[PDB]
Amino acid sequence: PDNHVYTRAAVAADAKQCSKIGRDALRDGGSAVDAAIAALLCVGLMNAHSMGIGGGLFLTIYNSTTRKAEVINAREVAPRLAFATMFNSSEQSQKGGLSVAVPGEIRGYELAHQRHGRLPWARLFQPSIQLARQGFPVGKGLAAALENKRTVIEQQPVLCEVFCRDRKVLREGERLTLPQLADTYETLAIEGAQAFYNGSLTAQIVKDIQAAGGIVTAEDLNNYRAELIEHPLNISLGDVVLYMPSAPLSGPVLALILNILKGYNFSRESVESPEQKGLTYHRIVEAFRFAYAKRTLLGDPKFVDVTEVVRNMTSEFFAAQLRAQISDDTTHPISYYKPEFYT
């Protein structure tokens, strides 16, 4: 049993130190966006295997004064020289510079901070600059990720540079220091986002990616833009609305899952006995299967027309039609759910 209830405000991040960093930003007068950015910068250090300024993000943001939700799209984008047949194996699409898409992270932070920031840009970086220099004990998640990838990490000395102690990956509890990223964070704090996309970091970024066999160019970085989505996806759930990003993210899938299940009117009773509980969980799995059948039509809506697909995936009536094909006593083969690769 481990509850955390707060009267005024809260941050839930995947490392305690980053939650605290977000919390302190709030306490110093920051917006929810300030806190999120400060915390994200920290998670990029403490769970560096999972996210960071070399990646991309989406933020769903709700303003309680205007009661409006918005989405900020800062996901990476295929470089200008990319093409459909550029990879011939999975290993090619996964390792090395050619697997790299144009990072959107910092630009996402910028747009969000531009629209909703209260604290100065540099203030958001300060705690993480310190942390990366001081170092920190390796947490549970990062340790398991290090073990999982120990072979690759130990064979690539630029990664072993920071992620190993004496040629072997760091273990939980052992200190991790990230002195180069600390300097880079400092540059970003002082020179702003421009340093990444069109400034002092840019040539080096391009050099590192091309040296590893990639094709990202300076122009790709100069041209990257985070996007504001003023009308994100929503569905009604009883007396509530649920705001989530549409394609290219999986809001449409989530929406369909929940719209299928809402017609069963689940409550506490749904899990009070083994018989009810078993049927409830079967129903969940079948909702998953139907929703995943439709997922294969989704893609970037700037490049593919997903208007009608998403309209179906968020329609309660369409969902009810799928729910009526869920059999209480059996699951079905793949084709029953009508997976679709073309409209």
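Residue positions are given as counts along the sequence shown, with the first one as 1.
Peer 1: Which is higher in the entry, the mean Cα B factor of 73 to 81 or that of 131 to 139?
Peer 2: Going by the record's values, the stretch with the higher mean is 131 to 139.
Peer 1: Is the mean CA B factor in the deposited entry higher across 216 to 224 or across 161 to 169?
Peer 2: Comparing 216 to 224 with 161 to 169, the higher mean C-alpha B-factor belongs to 161 to 169.
Peer 1: Which one, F87, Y243, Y109, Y185, has the peak C-alpha temperature factor per the PDB entry?
Peer 2: When the deposited C-alpha B-factors of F87, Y243, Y109, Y185 are compared, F87 is largest.
Peer 1: By the entry's C-alpha temperature factors, tell me which of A101, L258, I153, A145 sits highest.
Peer 2: The listed residue with the largest C-alpha B-factor is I153.
Peer 1: Going by what the PDB entry lists, where does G251 fall on CA B-factor within its chain: lowest, middle or highest third?
Peer 2: Bottom third by C-alpha B-factor.
Peer 1: Based on the deposited C-alpha B factors for this chain, I'd like to know if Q94 is in the lowest, middle or highest third.
Peer 2: It falls in the middle third of the chain.
Peer 1: Report the third (lowest, middle or highest) to which the CA temperature factor of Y337 belongs, ranking only the modelled residues of the same chain.
Peer 2: Within its chain, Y337 is a lowest-third residue by C-alpha B-factor, going by the deposited values.
Peer 1: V285's Cα B-factor: lowest, middle or highest third of the chain?
Peer 2: Lowest third, going by the recorded CA B-factors of the chain.
Peer 1: Grab the CA temperature factor for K294 from the record and place it in the lowest, middle or highest third of its chain.
Peer 2: Bottom third by C-alpha B-factor.
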